[PDB]
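Chemist: This is the structure I have questions about; it appears just below.
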Amino acid sequence: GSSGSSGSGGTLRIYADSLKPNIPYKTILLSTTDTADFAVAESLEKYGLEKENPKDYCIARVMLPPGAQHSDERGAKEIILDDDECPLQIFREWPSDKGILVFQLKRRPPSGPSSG
């Protein structure tokens with residue numbers, strides 16, 4: 001047992017445009033404390049991945065460049081997160097000037113580029 005669900009907490013739009021193309025975007029109730037792993041799993045289950053390994057997938061945040069003003073995600077570069085980060089808190093205190101922030105769900109680099 002566990003008591004929770006109070007107030008609002010926060011929301012996070014997990015587009016994850018890759019792991020699940022069929023589905024457009026996903027939104028799960030996130031908090032200003034939860035970790036990535038948690039979200040990952042959640043996001044997974046949401047899409048219907050209640051089996052896959054959430055430890056394999058992480059929450060890669062995509063930040064828009066400073067010199068962008070024409071299209072969307074204009075040559076945006078995402079940077080995987082540690083693991084015990086906050087995809088909600090981060091955004092909550094994310095500078096718009098730095099560019100839009102997006103949290104996609106996709107595999108992370110284990111050790112070096114290109115897993116293969």
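Residues are referred to by chain and number: the chain letter is A, B, ... according to the order shown in the structure tokens, the number counts from 1 in that chain, and ligands are numbered separately from 1 in the order shown.
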So which bits of range 33-71 of chain A end up strand (DSSP E) when you DSSP the backbone, as a list in words?

Modeler: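 So, restricting range 33-71 of chain A to strand (DSSP E), we get residues 57, 58, 59, 60, 61, 62 and 63 of chain A.
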
Chemist: Those selected residues, please, written with N, CA, C and O atoms and delivered as a PDB file, in the first residue's frame.

Modeler:
```pdb
ATOM      1  N   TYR A  57      16.034   1.963 -21.665  1.00  0.00           N
ATOM      2  CA  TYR A  57      15.580   3.252 -22.158  1.00  0.00           C
ATOM      3  C   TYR A  57      15.700   4.326 -21.075  1.00  0.00           C
ATOM      4  O   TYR A  57      15.572   4.032 -19.887  1.00  0.00           O
ATOM      5  N   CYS A  58      15.945   5.548 -21.523  1.00  0.00           N
ATOM      6  CA  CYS A  58      16.084   6.668 -20.607  1.00  0.00           C
ATOM      7  C   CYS A  58      15.246   7.832 -21.140  1.00  0.00           C
ATOM      8  O   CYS A  58      14.487   7.670 -22.095  1.00  0.00           O
ATOM      9  N   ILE A  59      15.412   8.981 -20.501  1.00  0.00           N
ATOM     10  CA  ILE A  59      14.680  10.171 -20.898  1.00  0.00           C
ATOM     11  C   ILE A  59      15.657  11.194 -21.482  1.00  0.00           C
ATOM     12  O   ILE A  59      16.337  11.900 -20.740  1.00  0.00           O
ATOM     13  N   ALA A  60      15.696  11.238 -22.805  1.00  0.00           N
ATOM     14  CA  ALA A  60      16.579  12.163 -23.497  1.00  0.00           C
ATOM     15  C   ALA A  60      15.841  13.480 -23.741  1.00  0.00           C
ATOM     16  O   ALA A  60      14.817  13.505 -24.423  1.00  0.00           O
ATOM     17  N   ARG A  61      16.389  14.543 -23.170  1.00  0.00           N
ATOM     18  CA  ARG A  61      15.795  15.861 -23.317  1.00  0.00           C
ATOM     19  C   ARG A  61      16.355  16.560 -24.558  1.00  0.00           C
ATOM     20  O   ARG A  61      17.563  16.548 -24.790  1.00  0.00           O
ATOM     21  N   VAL A  62      15.450  17.152 -25.324  1.00  0.00           N
ATOM     22  CA  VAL A  62      15.839  17.855 -26.535  1.00  0.00           C
ATOM     23  C   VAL A  62      15.688  19.362 -26.316  1.00  0.00           C
ATOM     24  O   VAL A  62      14.591  19.846 -26.045  1.00  0.00           O
ATOM     25  N   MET A  63      16.806  20.060 -26.441  1.00  0.00           N
ATOM     26  CA  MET A  63      16.813  21.502 -26.260  1.00  0.00           C
ATOM     27  C   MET A  63      17.097  22.219 -27.581  1.00  0.00           C
ATOM     28  O   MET A  63      18.046  21.878 -28.285  1.00  0.00           O
TER      29      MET A  63
END
```

Chemist: Just list as number ranges by chain whatever in range 47-109 of chain A DSSP marks as helix (DSSP H, G or I).

Modeler: A: 47, 87-92, 96-98

Chemist: Would you work out the distance separating CA of residue 70 in chain A from CA of residue 95 in chain A, expressed in Å to one decimal?

Modeler: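 A separation of 19.1 Å between them.
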
Chemist: Could you tell me which of A:64, A:93, A:104, A:110 comes closest to residue 27 in chain A if we count only C-alpha atoms?

Modeler: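 Of the candidates, the smallest distance to residue 27 in chain A is held by A:104.
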
Chemist: Go through A:88, A:79, A:98, A:54 one by one, measure the shortest atom-to-atom distance of each to residue 14 in chain A using only C-alpha atoms, and give the residue with the smallest value.

Modeler: A:88

Chemist: Figure out the distance between CA of residue 11 in chain A and CA of residue 107 in chain A, please, to one decimal in Å.

Modeler: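 One can read the CA of residue 107 in chain A to CA of residue 11 in chain A distance as 21.9 Å.
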
Chemist: Can you tell me how far CA of residue 69 in chain A sits from CA of residue 102 in chain A, in Å to one decimal?

Modeler: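 Between CA of residue 69 in chain A and CA of residue 102 in chain A the gap works out to 16.7 Å.
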
Chemist: Extract, using only C-alpha atoms, all DNA, RNA and protein residues at most 10 Å from residue 44 in chain A, discarding same-chain residues fewer than 4 positions from it, and format them as a list in words.

Modeler: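 Using only C-alpha atoms, the neighbours found are residues 14, 16, 19, 20, 26, 38, 39, 40, 48, 49, 50, 51, 52, 53, 54, 57 and 105 of chain A.
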
Chemist: Would you mind exporting N, CA and C atoms of the selected residues as a short mmCIF file (atom, residue, chain, number, x, y, z; two decimals), in the first residue's frame?

Modeler:
```
data_model
loop_
_atom_site.label_atom_id
_atom_site.label_comp_id
_atom_site.auth_asym_id
_atom_site.auth_seq_id
_atom_site.Cartn_x
_atom_site.Cartn_y
_atom_site.Cartn_z
N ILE A 14 5.55 13.16 -23.11
CA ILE A 14 6.55 12.22 -23.60
C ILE A 14 6.20 11.83 -25.04
N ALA A 16 8.37 10.86 -27.42
CA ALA A 16 9.10 9.65 -27.77
C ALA A 16 8.79 9.26 -29.21
N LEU A 19 10.50 5.26 -30.48
CA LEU A 19 10.20 4.00 -29.83
C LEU A 19 8.78 3.57 -30.20
N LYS A 20 7.92 4.56 -30.35
CA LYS A 20 6.53 4.31 -30.71
C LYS A 20 6.03 5.41 -31.64
N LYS A 26 2.50 11.22 -25.53
CA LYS A 26 1.98 10.64 -24.30
C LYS A 26 2.19 11.63 -23.15
N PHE A 38 11.44 5.92 -13.39
CA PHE A 38 10.01 5.89 -13.12
C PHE A 38 9.21 6.31 -14.36
N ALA A 39 9.53 7.50 -14.86
CA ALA A 39 8.85 8.02 -16.03
C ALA A 39 8.97 7.01 -17.17
N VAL A 40 10.20 6.58 -17.42
CA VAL A 40 10.46 5.62 -18.48
C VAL A 40 9.41 4.51 -18.42
N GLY A 48 2.22 0.87 -24.06
CA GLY A 48 1.90 -0.54 -24.04
C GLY A 48 3.17 -1.40 -24.03
N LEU A 49 4.20 -0.86 -23.38
CA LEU A 49 5.47 -1.56 -23.29
C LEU A 49 5.68 -2.04 -21.85
N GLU A 50 4.70 -2.77 -21.35
CA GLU A 50 4.76 -3.29 -20.00
C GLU A 50 5.53 -4.62 -19.98
N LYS A 51 6.68 -4.61 -20.64
CA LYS A 51 7.51 -5.80 -20.71
C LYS A 51 8.96 -5.39 -20.99
N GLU A 52 9.11 -4.49 -21.95
CA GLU A 52 10.43 -4.01 -22.32
C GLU A 52 11.22 -3.61 -21.07
N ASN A 53 12.52 -3.44 -21.26
CA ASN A 53 13.39 -3.06 -20.17
C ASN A 53 13.48 -1.54 -20.09
N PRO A 54 12.95 -0.99 -18.97
CA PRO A 54 12.96 0.45 -18.76
C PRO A 54 14.36 0.94 -18.37
N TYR A 57 16.03 1.96 -21.66
CA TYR A 57 15.58 3.25 -22.16
C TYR A 57 15.70 4.33 -21.07
N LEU A 105 11.53 9.42 -25.26
CA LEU A 105 11.89 8.14 -24.66
C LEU A 105 12.56 7.26 -25.72
#
```

Chemist: For residue 68 in chain A, which of A:1, A:113, A:87, A:99 is the closest residue, counting only C-alpha atoms?

Modeler: A:99
